[PDB]
Amino acid sequence: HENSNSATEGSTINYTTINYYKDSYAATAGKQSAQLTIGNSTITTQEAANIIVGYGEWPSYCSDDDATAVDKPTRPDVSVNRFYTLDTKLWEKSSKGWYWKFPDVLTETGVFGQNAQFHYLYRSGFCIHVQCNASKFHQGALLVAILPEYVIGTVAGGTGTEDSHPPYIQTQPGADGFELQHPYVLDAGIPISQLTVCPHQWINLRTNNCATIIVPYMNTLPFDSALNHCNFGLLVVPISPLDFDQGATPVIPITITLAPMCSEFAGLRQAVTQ
Amino acid sequence: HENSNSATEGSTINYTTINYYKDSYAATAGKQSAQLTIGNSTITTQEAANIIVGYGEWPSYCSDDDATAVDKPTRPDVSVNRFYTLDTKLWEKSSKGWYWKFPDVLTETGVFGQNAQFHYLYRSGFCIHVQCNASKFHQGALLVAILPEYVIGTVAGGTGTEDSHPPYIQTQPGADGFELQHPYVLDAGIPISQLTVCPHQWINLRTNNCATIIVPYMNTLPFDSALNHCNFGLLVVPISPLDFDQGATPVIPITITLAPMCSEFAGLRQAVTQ
Amino acid sequence: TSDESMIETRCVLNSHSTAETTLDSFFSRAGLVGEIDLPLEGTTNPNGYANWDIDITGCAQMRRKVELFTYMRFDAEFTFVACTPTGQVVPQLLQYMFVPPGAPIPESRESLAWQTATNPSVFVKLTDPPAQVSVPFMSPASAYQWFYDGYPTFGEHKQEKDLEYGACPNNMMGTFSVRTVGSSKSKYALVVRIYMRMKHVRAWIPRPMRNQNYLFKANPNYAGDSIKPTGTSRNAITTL
Amino acid sequence: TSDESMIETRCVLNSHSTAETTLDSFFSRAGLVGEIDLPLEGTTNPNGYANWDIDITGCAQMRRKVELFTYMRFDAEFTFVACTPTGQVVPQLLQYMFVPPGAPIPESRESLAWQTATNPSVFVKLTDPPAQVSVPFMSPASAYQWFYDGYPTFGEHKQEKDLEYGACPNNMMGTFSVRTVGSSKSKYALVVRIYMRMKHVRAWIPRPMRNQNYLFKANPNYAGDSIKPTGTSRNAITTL
Amino acid sequence: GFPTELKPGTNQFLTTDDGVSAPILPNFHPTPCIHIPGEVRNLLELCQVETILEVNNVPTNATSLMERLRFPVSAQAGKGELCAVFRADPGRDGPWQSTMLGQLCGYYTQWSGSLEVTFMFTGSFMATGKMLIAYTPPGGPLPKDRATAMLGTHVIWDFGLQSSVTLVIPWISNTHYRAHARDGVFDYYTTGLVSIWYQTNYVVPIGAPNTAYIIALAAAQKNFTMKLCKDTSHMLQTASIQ
Amino acid sequence: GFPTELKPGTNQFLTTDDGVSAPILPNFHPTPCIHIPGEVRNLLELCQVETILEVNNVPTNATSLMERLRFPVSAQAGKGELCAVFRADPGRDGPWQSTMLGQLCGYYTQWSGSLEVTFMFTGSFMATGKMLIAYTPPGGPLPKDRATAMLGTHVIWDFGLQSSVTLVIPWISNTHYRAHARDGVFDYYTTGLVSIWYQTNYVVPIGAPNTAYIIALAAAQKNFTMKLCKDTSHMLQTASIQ
Amino acid sequence: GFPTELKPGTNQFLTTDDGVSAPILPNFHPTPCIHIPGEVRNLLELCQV
Amino acid sequence: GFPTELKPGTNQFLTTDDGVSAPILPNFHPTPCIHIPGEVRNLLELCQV
Amino acid sequence: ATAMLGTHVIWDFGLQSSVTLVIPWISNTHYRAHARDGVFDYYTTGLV
Ligand SMILES: CCCCCCCCCCCCC/C=C\[C@@H](O)[C@@H](N)CO
Ligand SMILES: CCCCCCCCCCCCC/C=C\[C@@H](O)[C@@H](N)CO
């Protein structure tokens with residue numbers, strides 16, 4: 001008598017609702033009822049205290065129930081699924097924080113960058129190794145965090161009247177990344193104090209030198225453009241500032257090492273950079 | 001509790017509807033769940049690549065569930081069910097296109113023409129052989145198509161203010177047929193680009209010289225007047241223009257060969273031409 | 001033709017529904033089919049009554065959807081939305097008489113046809129919600145006929161009655177008659193907008209969707225010097 | 001971590017329900033998502049019609065609740081509360097047309113789009129209770145996207161079209177179109193307040209709840225010189 | 001009577017409300033439905049019918065509107081010359097508006113599924129040659145070369161040997177449905193481009209015409225669907241119907 | 001028709017009325033829900049996630065807002081010196097507004113259940129020392145000494161040995177739920193105080209910094225609930241959204 | 001009370017609406033129908049005369 | 001919709017009408033009722049004191 | 001950033017005092033005949 005067409009039809013949750021129409025969406029809300037290796041690459045995760053799996057979900061390939069694109073996607077599986085090391089960011093005493101957009105960091109690097117450029121569609125999760133070596137006499141903490149759909153906001157002219165939008169070097173800063181001008185609101189008006197509801201790991205220098213967050217592919221879509229859409233933003237921010245006495249190593253680098261996990265590329269055409 | 005009197009009662013489709021009245025039409029819309037010979041005549045269909053059966057339906061006789069007229073219809077079966085060849089139309093380089101109305105082409109020809117004139121009621125399908133011989137050095141394509149209830153529109157005075165209606169030589173042009181003044185809108189305001197949703201066949205001269213569309217009787221009624229009502233219009237239109245080099249045969253005729261299929265005539269009276 | 005006859009294909013477990021492209025879901029959306037002025041002054045329908053020849057080809061959005069098909073058999077939910085020309089909801093009582101063919105068409109507002117002993121009438125106020133009735137498939141034919149290639153009558157089809165061409169009397173379902181229910185002239189100018197929601201739709205013979213401007217209700221006439229293309233255009237075929 | 005890992009603990013037979021912190025009970029409360037002026041004079045929407053780009057990020061209370069999550073898939077009960085600027089309930093009939101993307105957006109009050117042969121329209125009076133409809137989850141995506149880190153189109157993302165950043169067309173569900181149903185200009189200045197009650201809510205990816213003042217509907221922009229703390233403050237950390 | 005409570009949707013006229021209304025004729029039975037040929041029960045039956053794609057949507061001239069239905073393959077210099085170009089979006093303003101698929105795509109917001117474009121060579125039997133018909137997935141711009149375009153989905157069409165090819169435009173999308181790309185932010189929903197390239201050349205002997213024509217017949221595959229049934233923009237009424 | 005009687009609630013629009021409304025699209029099926037990571041089905045999943053507690057909510061300066069997320073353990077005179085103080089109320093205006101627990105506590109009137117505050121020492125590996133983190137039950141004022149504060153619920157945190165302690169603030173209330181204490185009569189619903197005391201001292205060798213920082217990460221336990229879903233006061237809009 | 005929603009046909013008087021109306025006489029029984037000759041149950045009986 | 005007929009008591013607010021009203025909080029569960037001494041279930045318990 | 005495209009190991013040497021770079025046998029030929037700075041650089045294993 002009724003189209004099974006509410007928003008929770010495909011979900012695993014039973015709903016006792018009231019309906020009077022042939023559309024299930026017309027119904028009531030109702031109530032219910034250590035060496036890591038990938039590719040030709042190897043990292044070390046002895047001092048991280050665990051590896052964070054983003055939302056408890058391993059980066060699987062696209063489910064055939066879940067995909068829409070009828071073209072056979074390519075899975076290069078070693079040549080693109082491998083640790084990619086970006087250029088280092090120097091953690092300083094005045095380091096506000098940096099972000100990296102994904103897979104915008106890797107659309108210009110490796111066969112992953114070519115597969116991102118040559119294919120319209122892209123799907124991968126990510127093993128993100130953020131490492132920061134410091135001595136036992138250095139101190140400071142990094143919130144290494146994965147903010148999905150990290151839409152950058154502007155200062156809006158500072159006052160708030162100008163409707164600015166962040167430039168392409170800011171929304172998609174590539175493998176270099178972009179600093180946080182305002183890490184407290186994450187350049188997005190949302191507090192970094194609540195950033196740990198996102199997949200996060202602390203680089204507390206006394207405790208661990210590296211953070212390994214393993215991120216699944218997070219989208220409303222089974223695949224997307226690797227060039228336009230950035231599925232998430234990795235945020236590496238000094239919540240506790242870097243401190244050391246003079247004589248200790250002042251150059252404290254944060255190296256960002258990225259494994260695309262189960263990369264899947266569909267819609268092959270010419271190589272397009274953006 | 002309810003009259004079975006909706007518009008979909010006789011259909012083969014089950015409907016789960018909501019009703020509160022004794023009329024089923026008051027309910028909701030709801031949701032669901034090669035030599036061809038006839039008569040004394042023979043054509044050749046070796047180069048047509050198939051024969052198009054209009055809407056997948058062979059021209060049967062009138063079903064006894066489907067008929068209303070209580071008089072016994074005559075079925076001459078050979079003398080009227082036979083290939084009728086009309087006068088040729090010369091496909092030219094500037095040929096806009098022609099149409100033929102049915103069975104208006106054949107109300108003045110043969111025993112079919114006499115049975116159409118002597119009977120008020122008429123029912124037949126049609127085997128329509130449209131043939132166009134051209135050499136392997138000629139080129140061009142014809143959309144041979146069957147537009148049912150091909151109501152001709154006018155130019156409306158050109159500007160659109162005059163409420164013109166097409167004359168009887170234009171609505172019912174007989175066996176000679178009428179050219180398309182505007183084949184793009186089929187002299188009816190409807191695009192010829194979408195004419196292939198109707199039963200159609202291409203005479204692509206490199207591929208096939210003839211088109212054989214077999215049309216069933218299409219009406220809201222089991223029988224109708226052959227003189228007033230034209231059940232369909234055959235449209236033979238040069239989508240791709242006729243082209244050849246000088247020296248090849250410039251006279252490229254389109255011969256229209258028509259078999260009324262399972263002709264049924266009821267309501268015998270005097271011979272009436274219109 | 002297929003797609004792994006064409007490219008390399010992955011298994012797509014496709015649960016994409018076709019239920020919204022059915023004839024019900026395409027046609028069971030009420031659209032404007034007629035708008036009736038009942039003005040105070042003027043010559044349109046000045047005596048507080050109006051006789052609308054039932055013809056859903058007067059409004060082009062509904063007309064183009066139905067003329068996608070040649071034959072359509074449907075029941076129809078007819079909703080009559082009455083207001084003023086300003087859209088005001090005034091305290092006025094209307095009679096909506098379905099006058100079938102052969103029934104006495106009302107000559108005036110005080111006509112004896114409005115006694116409606118056998119005609120279906122809706123007495124509704126404008127303050128009431130828009131009067132809504134199911135009409136059946138009422139044709140003597142087995143489908144309605146947006147395209148009747150022919151003539152109703154016999155005889156010499158001369159040009160002073162070429163207007164009978166296309167006129168299917170199996171489509172002429174009568175007159176929709178609206179009056180203000182009173183012996184005196186109504187106090188408000190009224191607009192009765194007629195909305196038809198088809199239901200239990202069966203449709204035969206898909207046609208080319210009309211790519212010209214509709215000009216007249218009874219015919220498929222098009223502006224001859226203003227024949228527009230079916231779609232938009234461009235400067236060259238090699239560019240966009 | 002536990003509490004008898006922490007202190008001495010007594011047995012508390014705790015029957016405290018979590019049913020009000022579900023996504024239904026948090027989001028199936030109708031909140032203002034848009035308010036449409038249909039004034040008599042002015043430049044706002046002066047011709048008795050208005051075209052509202054459907055965007056629930058214009059009112060900050062609803063916007064902050066939905067931007068708790070990145071992705072939200074829901075049906076929505078849309079309630080349209082129409083009155084005057086004084087809140088008066090005047091006898092005026094409105095047409096609420098859902099104009100989906102690609103459908104003809106009404107250019108005027110007498111537009112042919114209002115014939116609504118295929119668009120969903122609500123004809124309601126202001127004297128009627130506030131017009132209430134369930135919309136489905138209508139996105140081409142599997143969830144709506146309050147945050148789209150990226151661009152809709154390809155090409156050189158230069159600064160004269162940086163406004164495409166964040167613009168998810170999987171969120172652009174079309175135009176809500178409201179007119180007064182009339183060929184004449186309406187007699188009352190009207191305010192159509194739109195209240196959306198989400199239902200059958202699924203939400204993914206919890207986000208930090210916006211701690212700055214929202215400034216624009218399409219972007220997460222914040223006032224740069226007026227960056228307030230997430231909460232209130234105090235003189236010292238050792239005191240209260 | 002029975003205690004009832006009117007909800008907010010009371011007295012509204014939703015035009016898509018599938019409700020029960022009062023029957024005007026209490027015991028009317030309709031004329032019985034005879035069998036009529038060509039019953040459509042679903043509009044996707046019309047989407048799967050190949051209708052003429054107006055790839056040559058240049059000649060707006062009323063004497064030249066029939067030239068829109070076909071486009072000129074001619075003898076070239078033997079490179080990968082560009083013959084024709086069209087976007088693969090059925091609901092877009094352009095070449096697809098001539099199709100029944102495209103006009104029914106006017107009545108729906110979102111479409112999904114593979115599209116077929118049948119290219120019919122209408123030259124002479126003696127005319128021969130090869131076409132590269134390349135569907136470009138949405139990220140790629142207009143390919144400057146044929147050697148840029150064969151990186152996409154493409155078919156090699158020997159038209160002297162096979163008079164009708166079918167370019168199946170595969171459903172290759174990020175989203176499960178596409179909401180009808182326009183030249184704006186909805187170009188997110190572009191299907192991509194279809195470009196026709198001379199793979200060899202239009203090779204013609206003496207006596208056969210040096211210019212031929214391709215009739216493109218675009219349709220939809222059986223996996224095609226539409227949703228969110230909307231008013232159409234592909235045909236606006238301008239003159240009032242008298 | 002059927003004899004019905006309209007009750008007083010007729011024609012009202014209750015915004016929390018879970019009713020059936022008329023569907024605008026009669027046979028629309030949505031885009032099928034793909035699996036997306038991070039599905040929340042209940043807001044208490046977010047309450048149990050440790051978010052940074054802004055115990056150092058002194059620096060309102062925009063250049064110093066990141067100093068709010070952490071607070072300075074430094075080398076002391078070896079007494080029970082007061083390091084930091086915050087009320088244990090998640091819905092209160094103060095340090096808990098920076099938390100996801102506290103911001104979701106803005107959307108509910110009443111909360112029940114134990115709270116966790118994770119204190120993360122972010123000094124050097126060579127930095128050592130002990131903290132007394134004392135949760136005071138609601139009757140106790142601000143403890144003047146550490147020897148007043150250890151009478152309450154407290155943990156001894158050796159931060160050189162254990163870089164992260166968790167002060168479980170136990171649900172200790174007269175009422176089964178607390179309706180979000182304010183500085184007024186709703187201080188009846190105060191959870192009490194959390195005060196940080198130097199249990200030994202911040203002991204540092206040469207070469208390691210004499211000042212370190214504690215990031216407090218506050219959350220809720222699994223026994224935590226909320227009820228009476230209300231509008232939030234923790235974020236008021238001031239500028240109109242253009 | 002019970003949550004109801006008035007549809008567009010509310011408060012109209014369709015003259016051919018076969019509805020239930022309130023009985024003016026609560027326990028009236030009619031005069032019993034005697035047999036009368038010439039009962040027509042269908043107007044087609046008159047068409048065939 | 002379903003043919004209904006409003007009776008005379010429609011839209012009255014009888015203060016002793018034991019009716020169903022719309023709940024303002026869709027999934028609110030109350031604080032669980034602890035045992036309190038001195039529960040009166042009937043006022044005649046007080047009359048007998 | 002050019003070198004991590006090859007076979008590489010990340011060696012935290014303060015944490016792991018001995019890493020082992022396994023140079024994998026990656027060759028066109030089944031054996032390598034000892035590359036020299038000439039035409040036998042065909043048999044180079046590559047660079048570390
Ligand atoms: C009692 C309240 C009045 C109820 C109104 C009764 C309307 C039912 C009429 C069914 C609609 C079918 C119209 C069919 C063809 C027409 O469009 C032709 N003129 C086209 O050529
Ligand atoms: C027939 C009566 C009219 C019925 C009104 C139809 C409204 C349905 C619309 C579903 C609401 C979802 C909005 C999602 C995102 C938007 O907020 C974006 N702009 C945010 O970026």
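Every number for a ligand or one of its atoms is a count from 1 in the order of the listing. So that the names make sense, note that chain A is the first sequence line, chain B the second, and so on, each numbered from 1.
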Modelled atom types, side-chain donor and acceptor of B/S6 and B/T8, under 3.5 Å = yes
Per atom 4 (C) of ligand 2, closest listed option by heavy atom (D/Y96, D/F80, D/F78) = D/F80
Give yes if a backbone or side-chain nitrogen or oxygen of D/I56 is under 3.5 Å from a nitrogen or oxygen of ligand 2, and no if not.
-> yes
Can you tell which part of C/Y144 has a heavy atom less than 4.0 Å from ligand 1: side chain, backbone, both or neither?
-> side chain
Polar contact flag for C/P120 and ligand 1 (N/O pairs, less than 3.5 Å) | no
Give the ring-plane orientation class for C/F176 versus C/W52, where under 30° counts as parallel, over 60° as perpendicular and anything between as tilted.
-> perpendicular
Could you list the residues that satisfy salt bridge (charged side-chain N to carboxylate O under 4.0 Å, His left out) with D/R29, not counting sequence neighbours?
-> D/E20
Measuring from the heavy atoms of C/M172, does anything fall under 4.0 Å of ligand 1?
-> no
N/O of C/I54 under 3.5 Å from N/O of ligand 1, yes or no?
-> yes
D/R64: partners by side-chain hydrogen bond (donor to acceptor under 3.5 Å, both in side chains), with sequence neighbours left out = none
Can you say whether the rings of D/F123 and E/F13 are parallel (under 30°), tilted (30 to 60°) or perpendicular (over 60°)?
-> parallel
Under 4.0 Å from ligand 2, counting heavy atoms only, is it the side chain of D/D55, its backbone, both or neither?
-> both
